[PDB]
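K.L.:
experimental coordinates follow, after the sequence.
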Amino acid sequence: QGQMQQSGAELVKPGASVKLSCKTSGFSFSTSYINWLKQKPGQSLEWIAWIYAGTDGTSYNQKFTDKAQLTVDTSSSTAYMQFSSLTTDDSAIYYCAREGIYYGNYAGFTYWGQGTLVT
Amino acid sequence: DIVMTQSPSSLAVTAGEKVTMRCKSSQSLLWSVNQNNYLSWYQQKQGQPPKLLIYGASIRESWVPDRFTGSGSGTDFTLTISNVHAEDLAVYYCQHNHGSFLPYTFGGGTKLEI
Amino acid sequence: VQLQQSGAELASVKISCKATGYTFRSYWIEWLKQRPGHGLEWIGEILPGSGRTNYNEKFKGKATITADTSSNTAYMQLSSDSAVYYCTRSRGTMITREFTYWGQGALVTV
Amino acid sequence: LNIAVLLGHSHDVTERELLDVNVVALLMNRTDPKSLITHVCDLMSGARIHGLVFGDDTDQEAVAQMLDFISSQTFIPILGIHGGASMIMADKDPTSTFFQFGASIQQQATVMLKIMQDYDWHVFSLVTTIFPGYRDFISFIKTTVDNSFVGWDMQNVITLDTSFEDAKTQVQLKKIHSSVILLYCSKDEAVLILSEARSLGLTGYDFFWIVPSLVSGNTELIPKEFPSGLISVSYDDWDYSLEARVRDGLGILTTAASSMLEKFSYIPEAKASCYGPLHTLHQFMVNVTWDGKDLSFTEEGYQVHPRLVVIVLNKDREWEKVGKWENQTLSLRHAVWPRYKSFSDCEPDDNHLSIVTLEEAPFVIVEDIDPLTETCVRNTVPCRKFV
Amino acid sequence: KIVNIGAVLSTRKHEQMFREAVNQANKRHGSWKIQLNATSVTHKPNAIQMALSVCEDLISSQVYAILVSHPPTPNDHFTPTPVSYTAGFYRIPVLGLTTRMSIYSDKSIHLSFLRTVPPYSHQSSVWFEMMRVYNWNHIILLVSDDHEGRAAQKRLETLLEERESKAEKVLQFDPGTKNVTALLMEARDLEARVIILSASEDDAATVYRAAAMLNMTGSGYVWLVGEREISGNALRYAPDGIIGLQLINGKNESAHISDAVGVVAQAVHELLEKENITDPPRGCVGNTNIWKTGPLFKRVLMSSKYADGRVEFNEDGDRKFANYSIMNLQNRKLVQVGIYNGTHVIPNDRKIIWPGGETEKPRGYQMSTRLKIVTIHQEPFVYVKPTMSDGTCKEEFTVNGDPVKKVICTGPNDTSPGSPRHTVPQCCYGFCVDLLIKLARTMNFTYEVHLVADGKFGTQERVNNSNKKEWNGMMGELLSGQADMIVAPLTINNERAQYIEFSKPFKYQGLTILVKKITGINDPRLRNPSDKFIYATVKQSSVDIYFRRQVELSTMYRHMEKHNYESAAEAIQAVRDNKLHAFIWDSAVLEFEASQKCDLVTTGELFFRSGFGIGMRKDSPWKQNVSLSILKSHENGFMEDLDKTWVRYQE
């Protein structure tokens, strides 16, 4: 079974940058899609961006297009999200999830990380 | 962003009863070419990552018991539990999965109480 | 060929160096520092024709040199040092790389 | 402008004979890449030199490759004058600004077909090895024949597969029945193939052999298997020394810089240092002529009017220069083709009939050659009269 | 008894795996005294310092092989070129692992370069393989990077040579441009919908934006792009329904380097069994000599065959039997829809959803109906008359009560020296006009009659520039695309059949002489003519070429050259003034002329019995039914009726 492990909790000064890591294993890292979601405590998750590892195709939320950047490392099969210009609004829990696709048809996020809290 | 309307906002029932939770999208999530609804039902419990419950507004996951029943099509959708258990207590969200209707958005959510 | 410059100063500053004796788009322009107590120094050069710029490692990151092809002026900006300044031009025969035409001199002080 | 003239020679070429123009004259012996890089980076700190004229005495062709690469990485034009550095390469790059002298394969092929036409040898074949660049030669020949006034007779093309086993390759070698044969091979394979053909007996006087400048290597290095009378053309003109070549290069550079100054004054620019571009001569010296000599280039970097020379192998086992190349035409010092019956000491060729006739009205009709194509009509025959 | 190996790696985990593989290379090879010494260097932002450092260090270590294995270069140039050139100066083989530029297959520049990944010409080969699946023969080509565009085009030509098919259009330009809408409009008018894309991502996004503005993503459009075309911002502008390909395991550097190192170890052990094993010197200083086993070692590595997948270098030193995947843009989420075997394509169960309608293959080969016909001023077949008042033709009736069906024809007033540019719509009628009307009535299409800018049939003539032979006249216009189908008294010969197509000839006649009131060509006074017997023919007509073909009539070719007339009317008028004495021309035309003018007389000989037919374009569906219609017209009494109209009648 696939596993996605995220980085630990971060205390970042306002206006500074954080770069979160998400190690993936147990599946084809190159031929899947990974999504970063922002979930404030007591709030629903906010989709940030998705990236395809096989083609480096990147697509960000308009609210986070100028705030978040995504990178991957094929050797380590680890996803990366670098959040810059951090503000107190960014005090939330970020999650990385792997898309579930059946018969070539995506059916929803089937795999999840443990979650990371950025203060 | 397609506005996802969930009703009711919360409910409390006794064990063994039947409940119904509705999901309404501002736009038709059905694509005419394939006639499939880009709606997904989820079960989110406290302190855990949300667990994918029903996709396509009608198909249960392998781990989802038959007691869960998702219905509705187009803009209006419904999640129904024929036999409510205490373990089902969670906040359930419906989220659209239509790629042409980016970005992905979530409804207000329904809190289940026992 | 004659040269003219700005006035005295007394943060950041800018000093102009205007050419009125030749075709300003052909020859390089060099900046010199002559702080009293020693001979001189060397800052950088600029070619107005193409805009290629080279700077000295000692003064790198502190002096920015720019030129305007329309008014035939040279601008050197020092950011964030009290010395006499000169803008000069070579004869053009090359190789020797000597300095023949001299400006007036702008005295900056802090 | 600031031009550096570097010569890597074993032949004793000294140095004293070599608005802002300065020239650099040096003599170099070694040809290792680290030395090239070190010298280039040292001189690049020497007063902003924009011009580089280089020649080599060795016959190594990687020197031109490294020169082109460094020119691209420094955006500085470089010339090829002599040796392996002046050898015409395959396909230059627009990013590069390196230029050479001498002709490509297509120009020499056109000259070869002109030579063949001027002797009316209209029956031939085509022999090609696995040497790279053969398919371009094949395509150029196919395109050249179909738009010609001659109507050449071409046998099927002979292509080698490996070092000939003499099992199935000899099957193709036997079917060669023409008198003129075209061969495209490297020097090492030429000895093998020529010994093979001499064993097959296709080394007769009428079995002429034509090869490009590629197979003709060192003038001193002459294999014994080349019959006395091999047809070769190479751009090595021994009447013009390297001094004229570098002088013409200086003229080209000065004219290009002078003409590019008026359109834009700040053209000459070289990079500051090895460690740590809008208007140039890259697309400007296409048209240029100095002292009448049209030294213009092509869009791929080649020359427009090179200096090709026709050479053959005399009985003294020497490459004998015979025919040169004019502006577009072809001159021949020996109008009447020598027989060269003695290629080796085992060749007693003696099959010919000197026939002399007299002008008789219904039997011997003497007519002037057709000026439209400069060829006797097919139902006539060649002749001559000592007038 | 020691082997030195130089490598360029930055990631420390990959270098650790590289050292592990080097150590494990001595496992299955026994306890022989051969040793493998490892040497690695990291990145530097520059490309000259890296080059010199790597060259000097791996020369001093006296290594045998060098590797380049870094995809994520911030520099977009992807240049291992200094390493390759420097290690090729001593003919020491170099191994590439990431770079896929087609320039590196050329071994005239890169003397000692090999790589285990295929350049993009293999993608063109896979595209040609895909062409074998859906029976497609018309394509439109567009390649931007001219460094590899020529190579891609040459590979496509080699692929197409087996079927002997030619692309409808090819294009190359300078990458980074944006105004490419003109070429898109040019391609829109064509019949093929097959679009081949191979360019940079900037160009791909630009052309996707331009095509989306021009609305060329409808039904029937064939889309096919390479791997480089669907990454970065190019994926953002990709129209839905497109087909993409995938390089399997082209980025997992671990197994790639593992296989490369295993191959290197086996090749080194294979070479160790041979004699004359020299070593590279410290060529950094004063060692100007090449490795005398350089080509030997390279050829040993070229014959490297393995089975543990199979790694095999071709004559280009590239890996074959690479596995390719097929991806489809389903609502902008990539879905695997097919795979490519070593030489086969295996589609999966996923549906092939297209930008337009059906999932079945859309026949993106358009059809044609409006035909631009060209014809010439023929005295008994094509008449010329100015319009009555404005674009109108006087409805004259024949003596049989049949109205004369005319057609509005647009042609110049006179020749260029007399009338430079004066074209007015006129009325045309005769024989071929009626034939064309019958053809249009029988079938389903439309047409537009227009004239030819000159009055010459067409000859192949050298243009004064480039020394190249060019055509003119009817063939000059037809090959230029301005015409579609030549309907005229077309003389069938051997030159025309090579360049254009024909149908069954509709005429049967030969050649003769018009005289005024010799016995054919066998007249001795015409064998050696003089200033008295004047025989002439039409300049740049098929008869002049026919007489030039047989050099036995060179003197006749040397006499007619002084009196060639532009049109048959000029010759007839001149001989009516008795300024001419003979006129080699067709039989039917001169017979109708003799019927018109009683003084016109023909000779006896009837030679070169050819026919007149309908000129066409190249192989087109406008051929089979056209020839069938011509035959069906010949079989019944239609030809007799047309002869009653024009041929049979006498004056």
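P.N.:
Alright, I've got the coordinates. Residues are numbered from 1 along each chain as shown, chains lettered A, B, ... in the order given.

K.L.:
which one of the residues in the stretch 501-650 of chain E is closest to chain C?
P.N.:
residue E:618 (53.6 Å; C-beta to the nearest C-beta). Heads up, the C-betas are built off the backbone N, CA and C, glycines and all.

K.L.:
contacting residues around the nearest residue to that residue once chain neighbours are set aside?
P.N.:
Counting by C-beta to C-beta, 6 or more residues apart in numbering or on different chains, residue E:618 lies nearest to residue E:501, which is 6.2 Å off, once chain neighbours are set aside. Residue E:501 sits next to E:615-620, E:623 when contact means C-beta atoms under 8 Å, 6 or more residues apart in numbering or on different chains.

K.L.:
so among those, which ones count as buried?
P.N.:
The neighbour-count test (16 or more other C-beta atoms under 10 Å in any protein chain shown) marks E:615-617, E:623 as buried among those.

K.L.:
what's the most distant pair in those?
P.N.:
E:615 and E:623 (11.3 Å; C-beta to C-beta).

K.L.:
including distance to residue E:550 and secondary structure, could the buried ones among the contacts of residue E:501 go into TSV?
P.N.:
Below are the buried ones among the contacts of residue E:501 laid out as TSV (distance: C-beta to C-beta, whole Å; DSSP: H, G, I helix; E, B strand; the rest coil):
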residue	distance to residue E:550	secondary structure
E:615	24	coil
E:616	28	coil
E:617	30	coil
E:623	31	coil
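
K.L.:
tell me the one of these nearest residue E:155?
P.N.:
residue E:617 (27.9 Å).

K.L.:
wait, that closest one touches residue E:500, no?
P.N.:
Yes: using C-beta atoms under 8 Å, residue E:617 makes contact with residue E:500 at a distance of 6.9 Å.

K.L.:
now do the shared contacts for these two.
P.N.:
residue E:478.

K.L.:
helix/strand/coil for whatever residue of chain C ends up closest to chain A?
P.N.:
Of all residues in chain C, residue C:80 sits closest to chain A, with a separation of 22.0 Å (C-beta to the nearest C-beta). Three-state assignment for residue C:80 (DSSP: H, G, I helix; E, B strand; the rest coil): coil.

K.L.:
my read is that it contacts residue C:61, right?
P.N.:
No: using C-beta under 8 Å, residue C:80 is not in contact with residue C:61, being 9.7 Å away.

K.L.:
wait, residue D:315 sits on residue D:342?
P.N.:
Yes: between residue D:315 and residue D:342 there is a contact under C-beta under 8 Å: 5.6 Å.

K.L.:
how about residue D:218, phi and psi?
P.N.:
Per-residue torsions, residue D:218: phi -70, psi 140 (degrees, to the nearest 10).

K.L.:
what sits closest to it if chain neighbours are left out?
P.N.:
residue D:59 (6.8 Å).

K.L.:
that neighbour is in contact with residue D:85, isn't it?
P.N.:
No: at 10.0 Å, residue D:59 does not count as touching residue D:85 under the criterion of C-beta under 8 Å.

K.L.:
mind listing what the residue nearest in space to the middle of chain A touches?
P.N.:
Centroid check for chain A by C-alpha atoms, centre = their mean gives residue A:36 as the closest residue, at 2.7 Å. Contact analysis of residue A:36 by C-beta under 8 Å, 6+ apart lists A:22, A:48-50, A:68, A:70, A:79, A:81, A:94-96.

K.L.:
out of those residues, the closest to residue A:60 would be?
P.N.:
So of the contacts of residue A:36, ranked by how close each gets to residue A:60 (C-beta to C-beta), first place is residue A:49, at 4.1 Å.

K.L.:
strands paired with the helix or strand containing the closest one, and their directions?
P.N.:
Here residue A:49 is covered by strand A:45-52, with elements defined by DSSP states H and E. Paired with strand A:45-52 in the same sheet, following DSSP bridges, are strand A:33-39 (antiparallel), strand A:58-60 (antiparallel).
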